[PDB]
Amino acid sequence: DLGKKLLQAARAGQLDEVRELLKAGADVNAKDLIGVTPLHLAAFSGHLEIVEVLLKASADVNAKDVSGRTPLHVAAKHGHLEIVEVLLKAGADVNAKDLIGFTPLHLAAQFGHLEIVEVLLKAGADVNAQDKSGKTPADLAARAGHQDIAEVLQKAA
């Protein structure tokens, strides 16, 4: 199972092994049971070089796991600014919504990643996007105590 070994290499941050498995024929979009792909796992663990290798191998940058999250959601939630930037350059959907209505901007605002908030805004993120409870990214920032981010977002409204 090359797909499973690729999921493990991507999660573990094994750059050489990811390249060899891709050359051997591993499905770049292999999925585990919750539907996460090697791109999701590399974004999760902050492995920038693996993300770039996966993108060059035509990984689907907007693949959604069963929660509806894309790799951009993952990278934005976990603070990985360089990965957010490379995903955006590859065509990641800055306004993709998961099953609770969160965009990547919701997650960057909720988890207090101001630099990522600024990058997403430069990429056209919708500041007025509402989740399924009606809440905007600025609402989430305020709720989590990140007043500087809420001010930036309310300024951009």
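When you see a residue number, it is the position in the sequence shown, counting from 1.
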Notebook entry, point to check: In the PDB record, does 24-32 or 51-59 carry the higher mean Cα temperature factor?
Noted result: 24-32
Notebook entry, point to check: 84-92 versus 33-41: which one carries the higher mean Cα B factor per the record?
Noted result: 33-41
Notebook entry, point to check: If you compare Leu120, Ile100, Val66, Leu107, which has the highest Cα B-factor in the entry?
Noted result: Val66
Check: By the record's CA B-factor, is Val18 among the lowest, middle or highest third of residues in the chain?
Finding: middle
Notebook entry, point to check: Ranked by Cα temperature factor within the chain, is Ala12 in the lowest third, the middle third or the highest third?
Noted result: highest
Next item on the list: Looking at the entry's B-factor column for C-alpha atoms only, identify whether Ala141 ranks in the lowest, middle or highest third of its chain.
Entry: middle
